[PDB]
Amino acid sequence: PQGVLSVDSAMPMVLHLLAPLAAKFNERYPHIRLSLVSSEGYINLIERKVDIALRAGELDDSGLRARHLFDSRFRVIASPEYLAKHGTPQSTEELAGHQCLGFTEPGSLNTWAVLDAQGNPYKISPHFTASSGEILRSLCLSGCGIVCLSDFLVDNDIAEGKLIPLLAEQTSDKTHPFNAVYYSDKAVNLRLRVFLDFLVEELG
């Protein structure tokens, strides 16, 4: 396997998942020149500007191949510093009293995976907004408020004590799948298949 393989994903996937594994992938396949780009949505992939996309969406009836990588839950988090100055929410309805940060788009992500008293996902009014989950993580780390982000983005921060998980009982246990998406015709190339195989081992 040799040559250039272009892999596209959202910033958090590239930084927390791909980048860490790229050194191990390099030792096994030193002749494959990975190109790791970060863009928004499936435009690059569909317009054939990259070979493979690693994304959480569900594209069916597109014709594109999807290979499952891993499942992730959402977590509601804040910095110890924010909680020290603002208090810790003990119910989901108390989030109305706190600074909740969200996406500029898509707005569907601003309906959090934390259930209210009636068992319905809580829609926030974002104080700060951002175009990336990675920016929301940084704002949360620096004490700007409460965010709701994928586990793989914040779990190591929680382990290091840099973020504190909130409203754990109220938080939805449901997971969302992440997939490697690509056109069937590009499965022909060995370097995509060995990258895909590698990704399913290490992420699964």
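Each residue number is its position in the shown sequence, starting from 1.
When the two stretches 66 to 74 and 27 to 35 are set side by side, the higher mean Cα temperature factor goes to 27 to 35.
For the segment pair 55 to 63 and 167 to 175, the entry gives 55 to 63 the higher mean B-factor, averaged over Cα atoms. Among all modelled residues in this chain, the alpha-carbon of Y82 has a temperature factor (C-alpha) in the lowest third. Residue-level temperature factors show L203 in the highest third of its chain, judged at the C-alpha atom.
Compared with the other modelled residues of the chain, the Cα B-factor recorded for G145 ranks in the lowest third.
The PDB entry assigns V181 a C-alpha temperature factor belonging to the lowest third of its chain's modelled residues. Among the modelled residues of the chain, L109 sits in the middle third by CA temperature factor in this PDB entry.
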